[PDB]
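What follows is one chain in structure tokens, specifically the form deposited in one PDB entry.
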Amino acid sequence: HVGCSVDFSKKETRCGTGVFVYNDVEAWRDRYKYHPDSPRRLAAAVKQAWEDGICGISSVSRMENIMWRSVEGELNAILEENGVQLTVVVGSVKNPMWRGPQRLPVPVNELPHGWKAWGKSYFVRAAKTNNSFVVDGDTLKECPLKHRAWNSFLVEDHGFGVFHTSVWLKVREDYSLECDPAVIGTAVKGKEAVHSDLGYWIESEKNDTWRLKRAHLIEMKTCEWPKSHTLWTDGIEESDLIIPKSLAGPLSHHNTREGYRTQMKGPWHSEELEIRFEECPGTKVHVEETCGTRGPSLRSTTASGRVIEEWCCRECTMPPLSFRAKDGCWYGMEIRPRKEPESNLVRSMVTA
């Protein structure tokens, strides 16, 4: 690729060629054309998976949710044309996106009658039948997560950053637990690294040892970060990763800091998070010795808006770990209230 960057401090214009990594943090929210395989093969795969166990989909990320939403109507029309009584319904996504134990099989042959393109500008609206292929969205009462598909697609060719290009996908032949590597970008330049994909922006730094600076997470996935896109994959103990391995956290030493361990019981039920190492407003944390035992993450404010302004710690280091969500400001598992009892606070009820 060819590119050119600019600095606005004083002046320079550096052009050249190489590897460029951008944020693309909200890459789901944009206009794209999605081509999940072919119109007749996807319908055949769904038809095979219907009477073979799997209820629906447990989409890995939000891009999969949008890809399914943009094609559900056409897929239903094709299924109606083939005389199959199935109806795909797509709902909202919730965090964390729990892993599914099944996958969509690749069909032997396409369905007999159908189309050849995903961009048909007119088709007859499909009717609704009894069967429902629920693609996520609060439908755990009909049938649980144990009968759902997860991580079934691979992106072959894609265009992101641009605003109208097409995205080509295909169904996995085998079962894999790792995240999609086609959309992952990892770069280092001097004393600043980054571990990014379509939903994660992890930043690292080198002050005394390579540690974690901050992280922006619009999704809480559950796949495994591929090791081919990671740095210091050796000599790491999985209990020291700030972002747990079960939440698509890199198996890297750039994901660690002194005095902290895996944040299993964090506020992963939020919609967007920012792991910042700073003190939430109106509060102070001091490294004591008689502080409480490590436990679930507690919000810095009560359920009635009152702010607890005194917290302690046992062996951690400053600045303290804190999660910034929309509802409020949270802390890590190692920081506990210094005077207030544990009962009068809101805890984190989700675990990784």
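Sequential numbering from 1, following the sequence displayed. The term rigid core refers to the most C-alpha atoms you can superpose between the two forms while keeping them within 1.5 Å.
One more form of this protein, deposited in another entry, exists but is not displayed; see below.
For residue 161, the Cα coordinates differ by 2 angstroms or more between this form and the one not shown after the core has been superposed. Taking 2 Å as the criterion, residue 9 counts as shifted between this form and the one not shown: its C-alpha moves by at least this amount when the rigid core is aligned. Comparing the forms between this form and the one not shown on their rigid core, the Cα displacement of residue 288 stays under 2 Å.
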